[PDB]
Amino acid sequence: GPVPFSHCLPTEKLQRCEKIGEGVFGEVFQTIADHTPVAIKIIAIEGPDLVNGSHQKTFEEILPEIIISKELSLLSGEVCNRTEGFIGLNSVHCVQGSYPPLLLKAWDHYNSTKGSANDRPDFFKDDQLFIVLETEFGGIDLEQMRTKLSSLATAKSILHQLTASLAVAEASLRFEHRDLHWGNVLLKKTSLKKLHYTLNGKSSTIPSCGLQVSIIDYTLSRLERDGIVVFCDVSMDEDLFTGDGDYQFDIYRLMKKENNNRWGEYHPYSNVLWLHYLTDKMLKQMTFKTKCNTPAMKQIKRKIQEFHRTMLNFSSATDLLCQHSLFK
């Protein structure tokens, strides 16, 4: 049965919560336990109230993203197909209760400083159910780092890390992320010069440029194990395919074209589409502290431009990693 919030967020951990993000889904906080930052994602489920303008998921509707979270986290401990590029999952609980006042305090601070698009989550009753996911703290999202990265060399590392993680997940799980906008790419400092992955038994490395990338948010994702497919069936969603003002919204339409509106099928080209959207952000929206003012850096720039104009002719992230010149 469900647990109280205090099971997940004992006093000291609750007291250290600061809000770090949000979506229609709910709220994300950072806190600390055993000297280590963690992120806490809180999603209301099973109730009748609109939350941030949308109905709450049922337990059946939230289960896919929980299952996918777990499977992708477990890739850090696998052998033939191994990656640390998805967010580590520490725990998942079903919680019952009204929203903790200390979290409302945190929510108010964020609203006062950054502003929120969400409702203040102060209207839940003591029978309300939530899913609370505790993950690794992944750093800061790529969108928030628009003006904060060193150079396009950093961009190349980020694209290589993303492509490798997606390829490993394609190979192990027939995974498609399906919503890899730049809010879902997280960046954290690492002292490691090289990051490691293994793809179908072959290990390789990626120069880090001082950053470790984590992919988050599996609300639209798909994967399979032993022919049992876990996914979000958006075949009858209207609003998802009618966005404009950002290439992001075209990707939803391009996925629907690719899969003929059949979301249970495996179409790893969707991962290529998202990687193209991210490359497009790197070239058109990101601004770097140091420009390509040297010939070796002008060459990295040319290679990322070449990637942008050629990558849509590849079938999967696996195809890209193994065959594209950017990664040789």
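One rule holds for the numbers: they count along the sequence shown, beginning at 1.
- Mean CA temperature factor is higher for 139-147 when stretches 172-180 and 139-147 are set side by side in the entry.
- Comparing 95-103 with 108-116, the higher mean C-alpha B-factor in the PDB entry belongs to 108-116.
- Per the deposited record, 227 carries the highest C-alpha B-factor of all listed residues (227, 77, 121, 88).
- Within the listed group 297, 28, 67, 275, the record reports its top CA B-factor for 297.
- Sort the modelled residues of the chain by CA B factor and residue 130 lands in the lowest third.
- Per the PDB record, residue ranking by Cα B-factor puts residue 11 in the highest third of the chain.
- In the deposited entry, the Cα temperature factor of residue 281 sits in the middle third of values across the chain's modelled residues.
- Per-chain ranking of the deposited C-alpha B factor places residue 203 in the highest third.
- Annotation for residue 22: CA B-factor lies in the lowest third of the chain's modelled residues.
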